[PDB]
Structures are given as C-alpha cells and as structure tokens.
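*Asks:* As input, take work_3.txt (compact mmCIF, C-alpha atoms and all ligand atoms):
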# COMPACT_ATOMS: atom_id res chain seq x y z
CA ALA A 11 -5.40 25.96 35.46
CA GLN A 12 -6.92 23.31 33.16
CA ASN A 13 -4.67 20.82 31.33
CA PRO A 14 -1.39 22.02 32.86
CA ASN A 15 0.72 19.34 31.27
CA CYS A 16 -0.60 20.50 27.81
CA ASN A 17 -1.80 17.10 26.70
CA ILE A 18 -3.68 16.68 23.46
CA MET A 19 -7.39 16.37 24.34
CA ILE A 20 -9.97 14.34 22.47
CA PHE A 21 -13.59 15.46 22.35
CA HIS A 22 -16.76 13.59 21.60
CA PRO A 23 -19.53 16.21 21.15
CA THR A 24 -23.17 15.13 21.04
CA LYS A 25 -25.26 16.12 17.96
CA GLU A 26 -26.70 18.86 20.11
CA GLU A 27 -23.27 20.15 21.08
CA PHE A 28 -22.25 20.01 17.35
CA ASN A 29 -24.66 22.82 16.34
CA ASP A 30 -22.82 25.82 17.53
CA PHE A 31 -19.19 25.78 16.32
CA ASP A 32 -17.93 28.85 18.18
CA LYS A 33 -19.53 27.76 21.42
CA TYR A 34 -17.89 24.30 21.22
CA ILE A 35 -14.46 25.80 20.51
CA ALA A 36 -14.93 28.04 23.59
CA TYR A 37 -15.96 24.89 25.58
CA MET A 38 -12.83 23.04 24.56
CA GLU A 39 -10.69 26.00 25.64
CA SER A 40 -12.55 26.11 29.02
CA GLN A 41 -11.20 22.60 29.51
CA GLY A 42 -7.66 23.66 28.57
CA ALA A 43 -7.54 22.04 25.11
CA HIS A 44 -5.60 25.01 23.64
CA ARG A 45 -2.70 24.45 25.89
CA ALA A 46 -1.63 21.44 23.87
CA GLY A 47 -1.68 23.33 20.57
CA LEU A 48 -3.88 20.63 18.98
CA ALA A 49 -7.17 18.88 19.81
CA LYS A 50 -9.08 15.98 18.20
CA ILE A 51 -12.84 16.21 17.73
CA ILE A 52 -14.72 13.01 16.93
CA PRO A 53 -18.07 13.99 15.32
CA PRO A 54 -21.33 12.54 16.67
CA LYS A 55 -22.18 9.24 15.07
CA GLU A 56 -25.25 10.73 13.36
CA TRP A 57 -23.14 13.27 11.43
CA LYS A 58 -21.72 12.85 7.93
CA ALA A 59 -19.62 15.27 5.79
CA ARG A 60 -21.16 14.06 2.60
CA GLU A 61 -23.06 10.97 1.33
CA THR A 62 -20.23 9.32 -0.61
CA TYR A 63 -16.81 10.10 -2.11
CA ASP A 64 -17.68 8.10 -5.16
CA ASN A 65 -17.04 10.84 -7.55
CA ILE A 66 -13.69 12.55 -6.40
CA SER A 67 -11.33 11.32 -9.05
CA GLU A 68 -12.24 14.19 -11.31
CA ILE A 69 -10.75 16.88 -9.05
CA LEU A 70 -7.60 18.33 -10.64
CA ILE A 71 -4.35 18.71 -8.82
CA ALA A 72 -2.99 21.48 -10.99
CA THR A 73 0.45 21.62 -9.31
CA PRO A 74 1.41 18.38 -7.52
CA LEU A 75 4.53 18.89 -5.35
CA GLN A 76 7.34 16.36 -5.13
CA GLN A 77 8.80 16.73 -1.67
CA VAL A 78 12.56 16.34 -1.96
CA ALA A 79 14.46 16.05 1.33
CA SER A 80 18.00 17.11 2.28
CA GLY A 81 19.84 16.56 5.57
CA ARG A 82 19.80 13.63 7.99
CA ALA A 83 16.96 11.38 8.97
CA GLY A 84 15.95 13.36 12.04
CA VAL A 85 16.80 16.89 10.82
CA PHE A 86 16.03 17.77 7.23
CA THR A 87 14.52 20.30 4.94
CA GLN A 88 12.18 19.62 2.06
CA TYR A 89 11.81 21.43 -1.19
CA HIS A 90 8.77 21.31 -3.37
CA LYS A 91 9.43 20.45 -6.97
CA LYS A 92 6.42 21.26 -9.15
CA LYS A 93 5.14 18.43 -11.32
CA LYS A 94 2.69 18.27 -14.16
CA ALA A 95 -1.04 18.38 -13.40
CA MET A 96 -2.88 15.21 -12.64
CA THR A 97 -6.41 14.23 -11.58
CA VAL A 98 -7.13 12.81 -8.16
CA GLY A 99 -7.75 9.47 -10.03
CA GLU A 100 -4.28 9.58 -11.42
CA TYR A 101 -2.81 10.65 -8.13
CA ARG A 102 -4.54 7.85 -6.18
CA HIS A 103 -3.22 5.30 -8.67
CA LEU A 104 0.27 6.74 -8.27
CA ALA A 105 -0.01 6.65 -4.42
CA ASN A 106 -1.01 2.98 -4.63
CA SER A 107 1.84 2.03 -6.98
CA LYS A 108 4.73 -0.11 -5.78
CA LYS A 109 7.09 2.90 -5.81
CA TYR A 110 4.92 5.01 -3.53
CA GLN A 111 2.59 2.71 -1.50
CA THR A 112 2.71 2.29 2.23
CA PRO A 113 5.04 -0.57 3.24
CA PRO A 114 3.96 -3.55 5.28
CA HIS A 115 3.90 -2.69 8.92
CA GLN A 116 2.62 -3.97 12.29
CA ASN A 117 0.76 -0.93 13.61
CA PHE A 118 0.98 2.91 13.73
CA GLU A 119 4.13 2.86 15.91
CA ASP A 120 6.02 0.63 13.48
CA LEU A 121 4.94 2.83 10.59
CA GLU A 122 6.10 5.98 12.51
CA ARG A 123 9.46 4.26 13.03
CA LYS A 124 9.73 3.49 9.34
CA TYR A 125 8.76 7.11 8.49
CA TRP A 126 11.51 8.67 10.60
CA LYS A 127 14.03 6.14 9.51
CA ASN A 128 13.39 6.24 5.79
CA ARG A 129 11.56 9.47 4.82
CA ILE A 130 14.60 11.25 3.46
CA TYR A 131 15.34 8.52 0.93
CA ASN A 132 12.08 8.99 -0.99
CA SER A 133 10.33 11.91 -2.63
CA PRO A 134 6.57 11.51 -2.27
CA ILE A 135 4.15 13.71 -4.23
CA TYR A 136 1.71 15.97 -2.30
CA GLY A 137 -1.44 17.69 -3.69
CA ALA A 138 -1.59 20.60 -1.38
CA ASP A 139 -3.40 23.79 -0.96
CA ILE A 140 -6.10 23.15 -3.55
CA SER A 141 -8.92 25.69 -3.15
CA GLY A 142 -12.16 23.80 -2.70
CA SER A 143 -14.46 21.79 -0.46
CA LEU A 144 -15.79 18.28 -0.21
CA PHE A 145 -18.53 19.05 2.34
CA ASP A 146 -22.09 18.65 1.08
CA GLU A 147 -23.86 21.97 1.00
CA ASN A 148 -26.61 20.25 3.07
CA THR A 149 -24.20 19.47 5.90
CA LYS A 150 -25.04 22.19 8.33
CA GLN A 151 -22.72 21.31 11.26
CA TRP A 152 -18.94 21.80 11.13
CA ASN A 153 -18.99 22.42 7.40
CA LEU A 154 -15.62 23.97 6.75
CA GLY A 155 -17.00 25.89 3.81
CA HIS A 156 -19.70 27.62 5.98
CA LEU A 157 -17.70 28.93 8.89
CA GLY A 158 -17.77 32.60 9.82
CA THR A 159 -14.84 34.37 8.22
CA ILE A 160 -11.76 35.79 9.86
CA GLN A 161 -12.67 39.17 8.37
CA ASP A 162 -16.02 39.02 10.06
CA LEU A 163 -14.42 38.06 13.38
CA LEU A 164 -12.07 41.08 13.14
CA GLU A 165 -15.02 43.30 12.30
CA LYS A 166 -17.06 42.02 15.16
CA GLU A 167 -14.25 42.27 17.72
CA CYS A 168 -12.46 45.40 16.52
CA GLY A 169 -14.92 47.27 14.33
CA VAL A 170 -12.74 47.45 11.27
CA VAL A 171 -13.91 46.55 7.89
CA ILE A 172 -11.45 44.92 5.55
CA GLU A 173 -11.21 43.18 2.19
CA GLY A 174 -10.49 39.48 1.92
CA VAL A 175 -12.12 36.15 1.88
CA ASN A 176 -11.42 32.90 3.72
CA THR A 177 -12.00 29.62 1.89
CA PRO A 178 -11.03 25.98 2.50
CA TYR A 179 -8.30 23.99 0.92
CA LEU A 180 -8.00 20.33 -0.01
CA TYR A 181 -4.88 18.21 0.57
CA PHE A 182 -4.34 14.93 -1.22
CA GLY A 183 -1.63 12.86 0.50
CA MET A 184 0.25 9.64 0.00
CA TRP A 185 2.74 7.67 2.16
CA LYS A 186 5.50 9.89 3.53
CA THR A 187 3.95 13.15 2.35
CA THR A 188 4.97 15.60 4.97
CA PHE A 189 3.91 18.90 6.55
CA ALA A 190 6.83 20.78 7.98
CA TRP A 191 6.99 22.55 11.38
CA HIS A 192 4.85 25.66 11.28
CA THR A 193 2.19 27.78 12.92
CA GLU A 194 -0.63 29.19 10.83
CA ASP A 195 -0.50 32.46 8.93
CA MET A 196 -0.86 35.24 11.49
CA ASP A 197 -0.87 32.49 14.18
CA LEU A 198 -4.50 31.69 13.36
CA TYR A 199 -6.36 28.54 14.34
CA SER A 200 -6.80 25.80 11.78
CA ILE A 201 -9.35 23.08 11.51
CA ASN A 202 -8.67 19.99 9.47
CA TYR A 203 -11.09 17.24 8.52
CA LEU A 204 -9.77 13.91 7.17
CA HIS A 205 -12.37 13.08 4.57
CA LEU A 206 -11.08 9.72 3.43
CA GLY A 207 -8.25 7.26 3.26
CA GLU A 208 -5.29 6.52 5.42
CA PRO A 209 -4.32 8.32 8.62
CA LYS A 210 -2.30 11.41 9.29
CA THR A 211 0.13 11.58 12.23
CA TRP A 212 0.60 14.95 13.93
CA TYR A 213 3.25 16.36 16.26
CA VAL A 214 2.64 19.58 18.19
CA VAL A 215 4.45 21.92 20.58
CA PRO A 216 2.36 23.67 23.27
CA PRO A 217 1.91 27.38 22.40
CA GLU A 218 3.44 28.35 25.69
CA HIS A 219 6.68 26.63 24.56
CA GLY A 220 6.81 27.66 20.95
CA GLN A 221 9.86 29.79 21.38
CA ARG A 222 11.80 26.72 22.60
CA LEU A 223 11.13 25.09 19.25
CA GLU A 224 12.19 28.25 17.42
CA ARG A 225 15.48 28.38 19.37
CA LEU A 226 16.20 24.79 18.46
CA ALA A 227 15.33 25.41 14.87
CA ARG A 228 17.77 28.33 14.71
CA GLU A 229 20.52 26.02 16.05
CA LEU A 230 19.63 23.18 13.66
CA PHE A 231 19.17 25.26 10.51
CA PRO A 232 21.68 28.03 11.13
CA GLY A 233 22.00 29.40 7.54
CA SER A 234 18.17 29.53 7.21
CA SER A 235 18.04 31.41 10.49
CA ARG A 236 20.50 34.02 9.24
CA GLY A 237 18.51 34.47 6.00
CA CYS A 238 15.22 35.18 7.77
CA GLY A 239 14.08 35.91 11.25
CA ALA A 240 10.92 33.80 10.81
CA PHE A 241 12.13 31.03 8.53
CA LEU A 242 9.73 28.45 9.90
CA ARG A 243 7.14 30.48 7.90
CA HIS A 244 8.76 28.89 4.84
CA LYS A 245 7.31 25.58 5.92
CA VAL A 246 10.37 23.50 4.94
CA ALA A 247 11.98 22.27 8.15
CA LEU A 248 11.55 18.88 9.84
CA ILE A 249 12.81 17.79 13.24
CA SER A 250 12.05 14.25 14.49
CA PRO A 251 10.57 13.31 17.81
CA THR A 252 13.84 11.70 18.78
CA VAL A 253 15.66 14.95 18.13
CA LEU A 254 13.05 16.99 19.98
CA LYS A 255 13.40 14.63 23.03
CA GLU A 256 17.21 14.91 22.88
CA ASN A 257 16.90 18.70 23.09
CA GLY A 258 14.19 18.74 25.76
CA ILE A 259 11.51 20.34 23.57
CA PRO A 260 8.05 19.66 24.93
CA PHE A 261 5.73 18.03 22.37
CA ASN A 262 2.92 15.61 21.85
CA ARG A 263 1.82 13.30 19.07
CA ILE A 264 -1.49 11.89 17.85
CA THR A 265 -2.84 10.05 14.81
CA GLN A 266 -5.93 11.37 13.06
CA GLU A 267 -8.17 8.89 11.21
CA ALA A 268 -10.73 9.33 8.47
CA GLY A 269 -13.88 11.00 9.82
CA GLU A 270 -12.11 13.00 12.54
CA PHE A 271 -11.40 16.71 12.92
CA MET A 272 -8.26 18.25 14.32
CA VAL A 273 -8.02 21.80 15.58
CA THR A 274 -4.73 23.64 15.85
CA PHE A 275 -4.65 26.61 18.21
CA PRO A 276 -2.88 29.92 17.86
CA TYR A 277 0.89 29.63 17.90
CA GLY A 278 0.75 25.80 18.18
CA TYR A 279 3.66 24.60 16.04
CA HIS A 280 2.74 21.39 14.26
CA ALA A 281 4.26 18.94 11.69
CA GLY A 282 3.30 15.50 10.51
CA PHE A 283 2.94 12.91 7.75
CA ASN A 284 0.42 10.85 5.91
CA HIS A 285 0.24 7.08 6.14
CA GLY A 286 -1.05 6.44 2.61
CA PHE A 287 -3.51 7.82 0.09
CA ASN A 288 -5.86 10.33 1.80
CA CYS A 289 -7.81 13.56 1.35
CA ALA A 290 -8.05 16.25 3.99
CA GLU A 291 -9.80 19.64 4.04
CA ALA A 292 -8.64 22.50 6.14
CA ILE A 293 -9.28 26.16 6.75
CA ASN A 294 -8.02 28.86 9.06
CA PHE A 295 -10.33 30.56 11.55
CA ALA A 296 -10.30 33.07 14.35
CA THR A 297 -11.89 33.62 17.73
CA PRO A 298 -11.68 36.57 20.07
CA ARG A 299 -8.75 34.96 21.90
CA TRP A 300 -6.78 34.85 18.64
CA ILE A 301 -6.60 38.61 18.26
CA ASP A 302 -3.65 39.09 20.60
CA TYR A 303 -1.75 36.27 18.87
CA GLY A 304 -2.38 37.95 15.57
CA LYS A 305 -0.88 41.16 16.85
CA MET A 306 2.28 39.35 18.01
CA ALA A 307 2.76 36.91 15.11
CA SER A 308 6.17 36.83 13.52
CA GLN A 309 6.48 37.53 9.94
CA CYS A 310 8.69 36.42 7.09
CA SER A 311 9.88 39.57 5.23
CA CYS A 312 12.71 37.77 3.21
CA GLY A 313 10.18 37.03 0.48
CA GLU A 314 10.13 33.25 0.64
CA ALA A 315 6.90 32.68 2.51
CA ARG A 316 4.64 34.49 -0.06
CA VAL A 317 1.04 34.18 1.15
CA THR A 318 -2.60 34.96 0.38
CA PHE A 319 -4.33 38.13 -0.60
CA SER A 320 -6.26 38.18 2.71
CA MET A 321 -3.16 38.26 4.89
CA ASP A 322 -2.41 41.80 3.68
CA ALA A 323 -5.28 43.28 5.63
CA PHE A 324 -4.46 41.33 8.75
CA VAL A 325 -0.89 42.71 8.78
CA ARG A 326 -2.11 46.17 7.84
CA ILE A 327 -4.57 46.41 10.69
CA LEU A 328 -2.94 44.32 13.43
CA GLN A 329 0.74 45.05 12.63
CA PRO A 330 0.88 48.50 11.07
CA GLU A 331 4.54 49.02 12.09
CA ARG A 332 5.53 45.82 10.25
CA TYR A 333 3.30 46.46 7.24
CA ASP A 334 5.71 48.46 4.97
CA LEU A 335 8.66 45.98 5.43
CA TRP A 336 6.43 42.85 5.19
CA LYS A 337 4.90 44.17 1.95
CA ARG A 338 8.39 44.79 0.46
CA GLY A 339 8.81 41.01 1.02
CA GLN A 340 5.41 40.24 -0.53
CA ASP A 341 6.13 42.43 -3.65
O1 LIG B 1 -2.89 18.34 6.36
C1 LIG B 1 -1.81 18.93 6.04
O2 LIG B 1 -0.98 18.59 5.15
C2 LIG B 1 -1.38 20.17 6.77
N1 LIG B 1 -2.47 20.78 7.55
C3 LIG B 1 -2.21 21.73 8.44
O3 LIG B 1 -1.08 22.17 8.68
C4 LIG B 1 -3.37 22.26 9.20
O4 LIG B 1 -4.48 21.74 8.95
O5 LIG B 1 -3.06 23.23 9.92
MG MG B 2 -14.85 14.21 -9.43
NI NI B 3 -1.18 23.91 9.74
ZN ZN B 4 11.60 34.35 5.17
Just give me the structure of the file as structure tokens.

*Replies:*
Amino acid sequence: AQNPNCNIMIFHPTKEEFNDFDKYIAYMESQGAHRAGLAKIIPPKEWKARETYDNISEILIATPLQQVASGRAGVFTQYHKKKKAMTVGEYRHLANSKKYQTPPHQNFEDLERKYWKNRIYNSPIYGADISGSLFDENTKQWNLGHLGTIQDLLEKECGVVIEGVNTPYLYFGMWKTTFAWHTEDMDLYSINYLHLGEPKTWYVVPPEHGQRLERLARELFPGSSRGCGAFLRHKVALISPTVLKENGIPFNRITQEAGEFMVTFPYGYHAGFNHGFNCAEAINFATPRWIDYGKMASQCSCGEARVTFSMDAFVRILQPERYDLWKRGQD
C-alpha cells in the first residue's frame, strides 16, 4: 500500500504532466497522496495563473466576515459577524494596518506558535466565498474556472443528468483569518490555488481516521454535538495541534505559499490560518473514486449549514433516503 503513514506529499509536475488534470490527480492517488487527506502541487516553472495582479483592488467583498472566537486557546468556536462591504483595496489596507498586520516573527514555526497562543484574543476579517476567478482565460492548464464539473462527472460515471453548476470562489485573508475543521460538501475534493500574498498553514486528518476527529469533536463541543449529528458541517470549530496530539488524533501540517496548489481529498478534514494579506481561489471537484464518499457523506439537517443550489441534486441522487429530512433543514 502506498504512503501507509499518510504523509502529505508534494508534487512537481512537468509542463507535459500539467496538461491533463484528471490524469495527474489519478497519478497522485497511485502514489498514495490521498491517504494524507491533502497534497501540495508545485506548478512547472513555465506556468503562470495570470500575467499580473495589478488590477485586483476593484473586486468587491460584499460581505466581509469578522471571525469572533469563544473558548480557550486550543479549543474554540468562531462566529462570523457580517460587516459592511469593502473593496479588496480597502481590505488590503485594513489587513496591513497596525491593528491587523502580521506581528514580527522569526519563521513559520514562531508564527504558528503565536497563532495558537493568541488567535482567540483578536477578531480578524475574512473575505470568503466570493464567486469568481482570477485565472486568465488564456491559462489552459489547471485553470480552476475550466475544470470539468461535478455534474458532468456524475453523468459520466452514473448516467444521471442533473441541474447545477460548479464555479470557483475567491478568499481574501489577513493574519489570523481561520478556516475551521471541515470536509467538503458531500465529501468532495477541493483544489485551492494561492494567487498572491502571504502563506496559508493547513492541518489535515487522514480520511481513514476522520471518525477519530469527529469523536473528539463531540467530546470537546458537547452541546453542538447534541444539536446536530454533523455539526462540523457548520464550519465553526477549531482544535489546536497540541490538543490533537494530547488526544492521539493523527494529523499532518503544511504551509502553502503563493503560486502553489493544494488538493484536499474526499473526507480529509482540514483547518488552517492565513499568515497575512493573501488571495486564494478554490473549487470543489469530483473523480470516479469520490462517488462512494458522496454516497456516505454525513449531512447537517439542523439547518445551520445551509449550502449551495447544486448540493440538492447530489443529495437527491446519491442519498435519496436522506433527501426529505435534509431538505427540511435546507428550507
Ligand atoms: O482557503 C480557505 O480559507 C479555505 N479553503 C478550503 O477549505 C479548501 O480550499 O478546501
Ligand atoms: Mg480590480
Ligand atoms: Ni475546504
Ligand atoms: Zn447542523
């Protein structure tokens, strides 16, 4: 069995190997990359996502989210307080302000220390889930706006024809902005490209051990657990690496830098934070191996998780028993 310790793998495809997305994902899985839950892909040196970022300040962040934490330094929840719209120009200025800027630090490890020590005492502002793309339409390889759609994958594999579309989202981050422990909707893959700015640190639990994380989360957030049988779908809970080590939960960590892709694999729980002002683009995708994960994915039916139009059809076709109850939550 390849990669039995479920380490995060890093790949360096040639320009030739960068032509066929699906084939390279299948290659990475042949080498066991999926066992980690997360892989890094460093694009060939000849590739570029777009010519410059010189004009990005005019993007609107219609609903910036202030991420307010509650709990203790290693075990907390975050709630998203909606703020007034601001441009990326305005946001970048805010990220760089004394109140919000990255502190002096020695290296990534010192900054990670400072994050886990001090995150709860600040409320950074995140521009998340902004429909759009920063890839140039002339970028033919690994252009997150030109992937084959999940609906097309389901049609090709299963013959069914469903409504829905699949488009990318932009994330504008600052120091301490945080993504809580989650898997993707319907335990899909994700791919994330860091277009610009400061790094993003990731933590991941191997898919084969995801239930160990869920059991810990139920113990650590016991009222949330009683409210909903899939409350990690709410995307609000944080658990530090120190806490995970204390409870014997297998995980790995890696820092993504500007110009690099990360892939998360089905049912790979992940969480992380941004080091400073940055812009990422991400999208969900499917392969044939996903289908079985889609059929088994947990669902939030308490009504908190509230998700896209396109998820309806996935639940309807892959989880018909759950469909009625899940849609009562969605309505
Ligand atoms: O970049 C972020 O804030 C969060 N991204 C993801 O969870 C992902 O790409 O799957
Ligand atoms: Mg602009
Ligand atoms: Ni994700
Ligand atoms: Zn719920």

*Asks:* Taking only residues of segment 274-294 of chain A that have an atom at most 12 Å from an atom of segment 223-237 of chain A, what is each one's shortest atom pair and its distance in Å to one decimal, using all atoms listed in the file, in chain and number order, as a tab-separated table?

*Replies:*
residue	atom	partner	partner_atom	distance
A:277	CA	A:223	CA	11.3
A:278	CA	A:223	CA	10.5
A:279	CA	A:223	CA	8.1
A:280	CA	A:223	CA	10.4
A:281	CA	A:223	CA	11.9

*Asks:* Which residue out of A:64, A:291, A:270, A:334 has the minimum interatomic distance to residue 178 of chain A when all atoms listed in the file are used?

*Replies:* A:291

*Asks:* Name all residues at most 12 Å from residue 93 of chain A (count all atoms listed in the file; drop same-chain ones fewer than 2 positions away) and give them as a PDB file with C-alpha atoms, in the frame of the given file.

*Replies:*
ATOM      1  CA  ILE A  71      -4.350  18.710  -8.820  1.00  0.00           C
ATOM      2  CA  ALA A  72      -2.990  21.480 -10.990  1.00  0.00           C
ATOM      3  CA  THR A  73       0.450  21.620  -9.310  1.00  0.00           C
ATOM      4  CA  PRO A  74       1.410  18.380  -7.520  1.00  0.00           C
ATOM      5  CA  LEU A  75       4.530  18.890  -5.350  1.00  0.00           C
ATOM      6  CA  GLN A  76       7.340  16.360  -5.130  1.00  0.00           C
ATOM      7  CA  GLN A  77       8.800  16.730  -1.670  1.00  0.00           C
ATOM      8  CA  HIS A  90       8.770  21.310  -3.370  1.00  0.00           C
ATOM      9  CA  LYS A  91       9.430  20.450  -6.970  1.00  0.00           C
ATOM     10  CA  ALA A  95      -1.040  18.380 -13.400  1.00  0.00           C
ATOM     11  CA  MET A  96      -2.880  15.210 -12.640  1.00  0.00           C
ATOM     12  CA  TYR A 101      -2.810  10.650  -8.130  1.00  0.00           C
ATOM     13  CA  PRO A 134       6.570  11.510  -2.270  1.00  0.00           C
ATOM     14  CA  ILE A 135       4.150  13.710  -4.230  1.00  0.00           C
ATOM     15  CA  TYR A 136       1.710  15.970  -2.300  1.00  0.00           C
ATOM     16  CA  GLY A 137      -1.440  17.690  -3.690  1.00  0.00           C
TER      17      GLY A 137
END

*Asks:* Taking only C-alpha atoms and all ligand atoms into account, report as a list in words which residues have an atom no farther than 12 Å from an atom of ligand MG 2 (chain B).

*Replies:*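 My answer, listing the contacting residues, is residues 62, 63, 64, 65, 66, 67, 68, 69, 70, 71, 97, 98, 99, 100, 143 and 144 of chain A.
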
*Asks:* Find, counting all atoms listed in the file, the residue in A:246, A:140, A:290, A:104 that gets nearest to ligand ZN 4 (chain B).

*Replies:*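 Counting all atoms listed in the file, the residue closest to ligand ZN 4 (chain B) is A:246.
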
*Asks:* Which is closer to residue 197 of chain A than all the others in A:148, A:159, A:111, A:309, using all atoms listed in the file?

*Replies:*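 Residue with the minimum atom-to-atom distance to residue 197 of chain A: A:309.
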
*Asks:* Between A:181, A:333, A:191, A:241, which one has atoms that come closest to ligand ZN 4 (chain B), using only C-alpha atoms and all ligand atoms?

*Replies:*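 Ranking A:181, A:333, A:191, A:241 by distance to ligand ZN 4 (chain B), first place goes to A:241.
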
*Asks:* Could segment 133-152 of chain A be written out with N, CA and C atoms, as a PDB file, in the first residue's frame, please?

*Replies:*
ATOM      1  N   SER A 133     -10.090  39.444  16.432  1.00  0.00           N
ATOM      2  CA  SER A 133     -11.191  39.106  15.523  1.00  0.00           C
ATOM      3  C   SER A 133     -10.866  39.576  14.128  1.00  0.00           C
ATOM      4  N   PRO A 134     -10.079  38.772  13.396  1.00  0.00           N
ATOM      5  CA  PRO A 134      -9.705  39.210  12.031  1.00  0.00           C
ATOM      6  C   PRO A 134     -10.887  39.137  11.065  1.00  0.00           C
ATOM      7  N   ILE A 135     -10.764  39.800   9.925  1.00  0.00           N
ATOM      8  CA  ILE A 135     -11.873  39.936   8.979  1.00  0.00           C
ATOM      9  C   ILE A 135     -11.491  39.134   7.786  1.00  0.00           C
ATOM     10  N   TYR A 136     -12.383  38.222   7.338  1.00  0.00           N
ATOM     11  CA  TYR A 136     -12.164  37.279   6.224  1.00  0.00           C
ATOM     12  C   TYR A 136     -13.112  37.638   5.033  1.00  0.00           C
ATOM     13  N   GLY A 137     -12.598  37.760   3.804  1.00  0.00           N
ATOM     14  CA  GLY A 137     -13.466  37.802   2.629  1.00  0.00           C
ATOM     15  C   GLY A 137     -13.528  36.475   1.988  1.00  0.00           C
ATOM     16  N   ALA A 138     -14.518  35.727   2.364  1.00  0.00           N
ATOM     17  CA  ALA A 138     -14.704  34.357   1.951  1.00  0.00           C
ATOM     18  C   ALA A 138     -15.809  34.128   0.998  1.00  0.00           C
ATOM     19  N   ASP A 139     -15.635  33.070   0.230  1.00  0.00           N
ATOM     20  CA  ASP A 139     -16.676  32.504  -0.561  1.00  0.00           C
ATOM     21  C   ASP A 139     -17.264  33.551  -1.556  1.00  0.00           C
ATOM     22  N   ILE A 140     -16.372  34.201  -2.272  1.00  0.00           N
ATOM     23  CA  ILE A 140     -16.720  35.217  -3.221  1.00  0.00           C
ATOM     24  C   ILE A 140     -16.704  34.567  -4.586  1.00  0.00           C
ATOM     25  N   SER A 141     -17.870  34.431  -5.240  1.00  0.00           N
ATOM     26  CA  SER A 141     -17.899  33.769  -6.547  1.00  0.00           C
ATOM     27  C   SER A 141     -17.058  34.568  -7.521  1.00  0.00           C
ATOM     28  N   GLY A 142     -16.113  33.879  -8.168  1.00  0.00           N
ATOM     29  CA  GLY A 142     -15.271  34.494  -9.155  1.00  0.00           C
ATOM     30  C   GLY A 142     -13.946  33.787  -9.411  1.00  0.00           C
ATOM     31  N   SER A 143     -13.168  34.330 -10.312  1.00  0.00           N
ATOM     32  CA  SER A 143     -11.899  33.674 -10.687  1.00  0.00           C
ATOM     33  C   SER A 143     -10.875  34.728 -10.992  1.00  0.00           C
ATOM     34  N   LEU A 144      -9.631  34.445 -10.664  1.00  0.00           N
ATOM     35  CA  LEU A 144      -8.515  35.277 -11.062  1.00  0.00           C
ATOM     36  C   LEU A 144      -7.623  34.608 -12.072  1.00  0.00           C
ATOM     37  N   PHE A 145      -7.973  33.446 -12.599  1.00  0.00           N
ATOM     38  CA  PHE A 145      -7.195  32.833 -13.682  1.00  0.00           C
ATOM     39  C   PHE A 145      -7.454  33.560 -15.002  1.00  0.00           C
ATOM     40  N   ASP A 146      -6.393  33.788 -15.749  1.00  0.00           N
ATOM     41  CA  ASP A 146      -6.555  34.324 -17.124  1.00  0.00           C
ATOM     42  C   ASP A 146      -7.241  33.293 -17.980  1.00  0.00           C
ATOM     43  N   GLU A 147      -8.190  33.744 -18.817  1.00  0.00           N
ATOM     44  CA  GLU A 147      -8.892  32.831 -19.667  1.00  0.00           C
ATOM     45  C   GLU A 147      -7.913  32.106 -20.595  1.00  0.00           C
ATOM     46  N   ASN A 148      -6.776  32.737 -20.908  1.00  0.00           N
ATOM     47  CA  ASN A 148      -5.735  32.046 -21.718  1.00  0.00           C
ATOM     48  C   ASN A 148      -4.857  31.018 -21.019  1.00  0.00           C
ATOM     49  N   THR A 149      -5.019  30.885 -19.697  1.00  0.00           N
ATOM     50  CA  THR A 149      -4.311  29.849 -18.962  1.00  0.00           C
ATOM     51  C   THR A 149      -5.073  28.584 -19.151  1.00  0.00           C
ATOM     52  N   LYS A 150      -4.475  27.673 -19.910  1.00  0.00           N
ATOM     53  CA  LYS A 150      -5.155  26.438 -20.247  1.00  0.00           C
ATOM     54  C   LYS A 150      -4.989  25.294 -19.264  1.00  0.00           C
ATOM     55  N   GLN A 151      -3.934  25.318 -18.442  1.00  0.00           N
ATOM     56  CA  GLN A 151      -3.582  24.213 -17.550  1.00  0.00           C
ATOM     57  C   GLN A 151      -3.985  24.614 -16.120  1.00  0.00           C
ATOM     58  N   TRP A 152      -4.715  23.721 -15.484  1.00  0.00           N
ATOM     59  CA  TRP A 152      -5.028  23.877 -14.041  1.00  0.00           C
ATOM     60  C   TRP A 152      -5.698  25.227 -13.759  1.00  0.00           C
TER      61      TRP A 152
END
